[PDB]
Structure formats: C-alpha cells, structure tokens
Amino acid sequence: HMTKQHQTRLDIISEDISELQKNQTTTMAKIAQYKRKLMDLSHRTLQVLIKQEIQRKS
Amino acid sequence: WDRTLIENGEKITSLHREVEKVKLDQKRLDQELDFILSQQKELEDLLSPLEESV
Amino acid sequence: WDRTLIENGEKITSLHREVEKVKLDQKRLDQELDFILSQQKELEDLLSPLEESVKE
C-alpha cells in the first residue's frame, strides 16, 4: 500500500507544474522584449543600407 | 482504500492535461525563439560585410 | 484493489518524466535567451559605427 506516497508525489508533481507555468509566463515576457529590440535593430540597419545605397548612385 | 485512490486517480488525469497544455505552450515558446535567432543571424550577415568598409 | 495501485505508480512516473523533460526545455530556452542577448549587444556595437559615418 503506497496510496499515501503517491499523493505526496502528486503534490510534488503538481507543485512543479505550477513553477513551470510561472517560468513560461516570464520568458514569454522576455521574448516580447527581445522581439521589440530586434525590430529596432532591423530598421536601423535597413536605413544604413538605404542611406548607404543612395551614396552609390551619386 | 480511503477513497484516496479516487483523488489520486483524479489528480493523475488533471495533471495529465496540465502537462499536455504546458508542453504545448512550450512548443510555441521554442518557435518564437528560432524566429529570433533566425532573423538575427540574418541581420548580422547583412552588417558584417559593410562594417569594415564604412 | 492492488492492480490499480501498481498502475497509478506507473502513471505517476510518466507524469514525473514528462515534467522533467519540460524542465529541460525551459533550461535550454533560457540558455538561448542569453545567447540572443549577447548577440543583440554585438549587433548594436556593430551598428553605431555604421550609422555614424552616415549621419550627414
């Protein structure tokens, strides 16, 4: 009869699944931050490529 | 048997979805990750050439 | 009465491993954020010089 140590283990598993969700939330917020920074870098490099290519023609 | 067998049997199924749900939210997070490492290795490729030239 | 027990013990070990594996992906995933981060920096340092010689 291990019915008691099964419930303990299920608390532990349920405890960890909670922590998991908390991690998913936070790193959701980090991806969001990094995607916004990436859009700024992408623009700025494009401008440089533009201004830079305008230099060519002349 | 205390009916504790019922609670465990119940938690099992509950925890089952949780993980399955969570495994999904993860798959979606991993996808956001590659798209970044992708557009980013592509931004550094466009810049590496014209850096030591300007 | 007993066969049910030995079955839950196995079911619990499954949940236990599914959880362990998901943990590993989060660990890996944060490791990748670190890379992304040290990469956005090098990209920024790499940009300033270029956007300056053109601020004409």
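Per the deposited record, determination of this structure is attributed to X-ray crystallography, with the resolution reported as 2.8 Å.

### Section: the packing of helix α1 (residues 3–57) of chain A against helix α1 (residues 4–41) of chain B
At a closest axis distance of 9 Å, the pairing of α1 of chain A and α1 of chain B adopts a crossing angle of 20°. Relative to α1 of chain B, α1 of chain A is oriented roughly parallel. Between α1 of chain A and α1 of chain B lies a crossing of left-handed hand. Along the lines of polarity and charge, the residues of the contact of α1 of chain A with α1 of chain B split into 16 nonpolar, 12 polar and 7 charged.

### Thoughts on the pattern of salt bridges
Evaluation of the coordinates by the stated rule reveals 18 salt bridges over all chains. Across the pair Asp-40 of chain A and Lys-37 of chain A runs a salt bridge whose closest N-O atoms are separated by 3.8 Å. A residue pair is termed a helical-turn pair when its members lie 3 or 4 positions apart in one helix, as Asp-40 of chain A and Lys-37 of chain A do in helix α1 at 3 residues. With relative accessibility at 32%, the residue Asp-40 of chain A sits in the partly exposed group. Its salt-bridge partner being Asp-25 of chain C, residue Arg-28 of chain C comes within 2.9 Å of it at the nearest N-O pair. With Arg-28 of chain C and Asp-25 of chain C both in helix α1 (residues 3–52) and 3 residues apart, this pair spans about one turn of that helix. Take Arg-28 of chain C: its relative accessible area is 37%, and that puts it in the partly exposed class. For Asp-25 of chain C, a relative accessible area of 24% puts it in the partly exposed group. Linked through salt bridges whose partners overlap, the residues forming this network are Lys-37, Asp-40 and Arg-44 of chain A together with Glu-44 and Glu-51 of chain C.

### What about the interface of chain A and chain C?
At the interface, 24 residues of chain A touch 24 residues of chain C. Summed over both sides, the interface between chain A and chain C buries roughly 2,200 Å², with carbon and sulfur atoms accounting for 70% of that surface. The three residues of chain A that bury the most area against chain C are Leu-20, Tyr-34 and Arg-44 of chain A, which together make up 26% of that side's buried surface. With a closest N to O distance of 2.5 Å, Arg-44 of chain A and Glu-44 of chain C form a salt bridge. At the boundary of chain A with chain C, the tally comes to 7 residue pairs in polar contact.

Thresholds, definitions, all that
- Residues numbered from 1 in each chain as written, not as in the entry; some residues may be left out.
- Chains lettered and ligands numbered in written order.
- Heavy atoms only, no water.
- Axes fitted to C-alpha atoms, helices over the stretch in contact; angles between N-to-C directions.
- Helix = DSSP H or I, 4+ residues; strand = E, 2+ residues; numbered from the N terminus.
- Parallel < 35°, antiparallel > 145°, perpendicular 65-115°, else oblique.
- Left-handed = near helix turned anticlockwise from the far one by under 90°.
- Nonpolar A, V, L, I, M, F, W, Y, C, P; charged D, E, K, R; others polar.
- Salt bridge = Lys/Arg side-chain N within 4 Å of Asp/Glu carboxyl O.
- Buried < 20%, exposed > 50% of the residue type's maximum accessible area, 1.4 Å probe, protein only.
- Contact = heavy atoms within 4.5 Å.
- Buried area = accessible area lost by both parts, 1.4 Å probe.
- Polar contact = N/O pair within 3.5 Å; in protein donor to acceptor, adjacent residues only side chain to side chain.

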